[PDB]
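Considered here are two forms of the same protein chain, supplied as structure tokens in two stand-alone entries, structure 1 and structure 2.
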Structure 1
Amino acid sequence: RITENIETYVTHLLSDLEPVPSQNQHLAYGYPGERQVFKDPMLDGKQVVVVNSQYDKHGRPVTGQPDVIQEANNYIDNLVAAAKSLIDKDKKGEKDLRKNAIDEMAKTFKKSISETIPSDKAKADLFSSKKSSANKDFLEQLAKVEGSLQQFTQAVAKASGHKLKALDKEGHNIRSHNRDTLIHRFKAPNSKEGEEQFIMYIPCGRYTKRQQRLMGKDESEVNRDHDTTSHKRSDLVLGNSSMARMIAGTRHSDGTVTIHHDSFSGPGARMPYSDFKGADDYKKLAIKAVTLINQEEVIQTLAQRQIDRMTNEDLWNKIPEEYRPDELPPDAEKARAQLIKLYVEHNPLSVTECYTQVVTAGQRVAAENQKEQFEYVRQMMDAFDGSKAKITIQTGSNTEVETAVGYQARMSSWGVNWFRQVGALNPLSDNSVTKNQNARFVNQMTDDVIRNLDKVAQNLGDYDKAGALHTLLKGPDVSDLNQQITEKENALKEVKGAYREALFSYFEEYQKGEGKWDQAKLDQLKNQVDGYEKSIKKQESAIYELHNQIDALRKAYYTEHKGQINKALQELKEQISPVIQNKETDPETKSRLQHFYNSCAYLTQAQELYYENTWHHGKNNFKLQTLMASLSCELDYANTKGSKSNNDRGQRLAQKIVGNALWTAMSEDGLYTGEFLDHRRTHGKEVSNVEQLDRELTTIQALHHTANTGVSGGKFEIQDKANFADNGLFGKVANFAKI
């Protein structure tokens, strides 16, 4: 990342920026005047797309609304760029003749769309019924345009000499080569005078040194942005995708920023899922290695984030007095650089990932390898847990350093789609695939909270009601079974280390190919890896075995103390709020109470959904996932969240988390009440403040989708309409990216 502190970088992103003329954009976004494009305030050749909410005379948004003309234009233009890229790099002649013919067909398709789709029927309203006459008119235009788009795209394939698949591939290719920052600004319900809220996606791509060499490039380059053009196209490809830093907060009238949320959208599936088709056990193990390789990239990017969450004073405070230079250089940038190098050099770095996955692992129809997406990622996160990864930290624009970073994994996987929790004996999904890991994960998180309790609550007994919650939340004594688990988890470390290095070696060989193979060493390498994995699986089973015991006891404990736990939570609020709102109470004191309560509230509400097994009911659809992500963000972990491509399910999770973080941060209190999750959206002409905030959240999603696919979207199939303000119509536009 730019090695500037993230708060200052966000500050600048919300500045007066330089506009970018259409012909210089990296991508067509359409909706002119709404989706405004600008130069990045800090990085040369980087761009920013910003949307400001506008509203109609009724207070209903006019921005973030699907318009099929605009989407038709987006699709035409984005496919034309893929086409011209393919024809430029191809062997066949008559390049210009073909490119100009493509242009010519794009002009003709745009004009014909505009003569055939009336504007008064081209736009949808998200916040109304899909069955309104006006929305039925939008659907009808959409089906028309879809028809024109298959014609246009057929004609493009014919003219360009490339197939549908290759055009699509090249499309994803050039878009993720120069990704834009995306910003949505709006005043949330009850915003203060001259203040505004915001949500941004800032792309994160750094390539570990291991990825740089394997992707054909060379290790020595400090700047290691995502690049497939210098790659040699063996089927496997390295690097995470659809990953962005997600920041939400408020902007004060003076232009300063309070950050209310800071996590990752994505990454997507952490392996190359398409490679799965027709794969032998050799190609499968190789896929598992790509996932490992990708996991160290995640580790690298979490450490980079820790750094950018630190001010210069923070780094200074953390360099022992005797290593500090007498003089810090005049150049503000060369000072941060030195500050980062000294910090890293003198401090063990450790990072914790909380990955809330929202695929349905057990699904047996339209599976799309959701099983390996759970399994390979949980494997590889754990292969790294409680050890150290060699990594690179960018310190300046042409400087960097190498450190080990301590890593710690927490992974959970609760589905969100129609197959999330099938009935007894239903063969459409196997609900049991994630049972063990989710148990393990709930124990891990609830122990993390206990340890936090023993640490903080010990020293803040001015607040009696906080003591009593602590006692209750300690749960059943499970110290023995936990000891057993940490003993067996320590035993695994050396095998995991052997496993990781052996797998890495396996991919170096396999990545050569037929005319290049040395079969004897391949087979040898496969074999060592398998033995290590057999043995790891074996110990993983006894560890789960122990977790399931703790789970059993925790439940019994919960089912019987639920009432007291809530009473005790209520009573902490009741004593805690009026201190928080006292204007004489200092900021750091306020933080502490808020964190202590919010943390406990998240945990307990998660417990109810998990222990009563209600997380999967329609009315509770993303709540448990949101509650754990939220909790992990309180415990100051990096929360990664995902579906397969992260355009659909993972975006709806991000909406529920960002929207909650925004709702909560803007309370009198800053204390979580759950209204933003519990409130039943009604889609009416008059809605609540929570629903009004909800209306806002699909816009960054349409932008994000456009940047991934060429077209707006999110096509998540809503399970309970009362969970979301919008009616899913961006989903029908999202279908343009299939055709």
Structure 2
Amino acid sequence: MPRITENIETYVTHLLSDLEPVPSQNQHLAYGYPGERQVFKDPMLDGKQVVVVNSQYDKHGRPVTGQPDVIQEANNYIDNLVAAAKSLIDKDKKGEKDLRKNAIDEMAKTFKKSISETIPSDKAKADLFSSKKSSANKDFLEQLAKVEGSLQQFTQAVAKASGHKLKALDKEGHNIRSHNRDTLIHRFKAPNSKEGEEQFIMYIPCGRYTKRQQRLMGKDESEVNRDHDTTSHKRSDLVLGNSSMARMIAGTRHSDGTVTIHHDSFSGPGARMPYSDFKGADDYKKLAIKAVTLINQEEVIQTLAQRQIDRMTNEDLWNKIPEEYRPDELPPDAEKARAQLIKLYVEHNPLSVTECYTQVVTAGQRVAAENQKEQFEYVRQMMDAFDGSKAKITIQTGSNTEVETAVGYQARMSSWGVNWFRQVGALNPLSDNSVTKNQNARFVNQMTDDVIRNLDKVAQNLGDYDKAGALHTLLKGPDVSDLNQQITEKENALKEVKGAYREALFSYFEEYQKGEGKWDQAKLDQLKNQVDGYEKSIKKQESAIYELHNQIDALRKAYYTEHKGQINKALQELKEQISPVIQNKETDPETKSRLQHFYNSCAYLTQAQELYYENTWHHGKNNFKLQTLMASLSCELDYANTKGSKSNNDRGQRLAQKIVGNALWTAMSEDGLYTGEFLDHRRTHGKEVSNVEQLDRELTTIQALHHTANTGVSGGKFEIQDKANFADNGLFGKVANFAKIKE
């Protein structure tokens, strides 16, 4: 029931050992692909499970694992729907239960045999790395269509036996599926993986409710274990909690079983609000949605703070407990000692957290909007509602213990879409490009200052390297603090108002929860009118702030175009001087990372400035580049990177794929310095491909397990806008559709 309370490095190290195998009858969920997708018990949490895939290859070095097989997905669909139907007919008012269930089985048993019998095992599989119009993939599509039709009949029939509509059946799958989410792991040798080492990627589930959330779901306050795995589509009736949210970790396992961790951030969450509830909603119900997204933002704050704690070793924690409050001796028990160490760590240490949310929805889209504009506006309103302030979080210290604290919160948010509508021709009615023009402008300002203020900080110090200092001089951009100042005065003026606004909004939601029968109308109108007052007020002030930001944007652009050519030369010179030092084995481990961090931090900014100021980020061949570079940056500055789309299954995942690939590709070079190669390479899908292509090929495996975990079936169905950006050819998106089908 508990979320991780141990040190992350330690938890990962255990997750990669020998674990206890789990029998099929005991899995929480059907993953298919026996012998590929193996299932074990979590080495620490009792009742928790883990899925692990190892890459395996054919004679040509092409991956055999992580390929769609129609039979297997069909199995998953059946199995995963059967569970849903059972659950549903278990909890309903009607009788006949066992007769209903026993029938569903009979039907499932026969549908499997029908499939295995009509679908040639050899034609059942796809190659992701060839072309979809090849004879083999064309045979695969043929079987898929056939199979789709049967799962249609299968479900039509399960609806009828169970006595439940499809809509309910889907709804319930999302309910039960989001309870015991398994850890998902993929191991494989990256290109150039040293002798007897392996790389790995894992998604660790991480939702825990906040106290407020707990009280409101009407459950018991004094519970330390507040688990949930809310799925991509569990957003129906003012539900609380974040959806589709995982800790994402990538590293290498050394020959002695220890672990270097190269990447550590969040996959998710999807939409922070229960988007379903917009459907013909009045202004009263919209405001409630707003409150909810606020209530989930405070859970995000809690989650980032748990993550900081667990990125800290027991020495780390001890080093931050001032000498005079350290206990005489630690407790004998590994666990109860860490518990005490976190408690004391927290008690005596102001904590704060920085979220960098790289959103990937297209906020301005005008058709099948799917309320994407709110998903932008509302989340940005609320990350900002909390920016520069404190939230009462709880930190879980042991399996039975927690503590309370304020955590400070700083927010950074971008929104650059990634789909066909991401940028649209002038006058094109299909989408409003400028819905996010202001925010992104702002974001780019904040993130540059952050780096600047970070450079000046370590710039002064390491000066036995002089191309560093000149680079520094240039990145400084233009003198702009005249305007920055005004910005930070006005941001400060905003803080008190935001706080009242939050309390008012929490308050409002508290009444609205009761319902029309129990609402007190007078109180409700009071509460609403309070909020909008504050809102109107903030909005006005926020408007003024952007103007000053756009004034800066005008200025920084001007600067870039002039200095682009200089800067990249001066970037290149810094490479030239730094690298040699880096490979050299006498240089200590500490100085080296300060070089790496300085250089990469700079490389990311410049390469983002290019795409942003020249407005090229949207060109097909650059599709995910600006977002990935910004997120990679936020990881350099040690921020927590949250990223995603609406349900974080399709767009949110390919972004993650790029962020991790680049992370690994960079961490395994002779040097550790980002070279853009992983982003820039044009994947050819040939039979002989480059090393980055060979690595890109590995990355869709974890996406598919993630997808199964949310939906019951493999996938991700992002419509690729330029084939050169990816090693795979989309084919899991066909199976991805199984979840979709409805009568």
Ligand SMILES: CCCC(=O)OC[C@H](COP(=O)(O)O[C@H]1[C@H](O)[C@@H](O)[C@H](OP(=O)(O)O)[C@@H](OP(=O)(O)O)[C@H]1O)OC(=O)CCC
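Take the two forms, find the largest set of C-alpha atoms that superpose within 1.5 Å, and that set is the rigid core. Here, a residue number simply tells you its place in the sequence of structure 1, counted from 1.
Comparing the two isolated copies of the chain, the second one is the form deposited with the named molecule bound. Lining up the core between the two structures shows that one residue from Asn317, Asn223, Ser230, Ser591 moves its Cα 2 Å or more, and that residue is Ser230. Taking the core as reference, the C-alpha deviation of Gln211 between the two structures is 0.3 Å.
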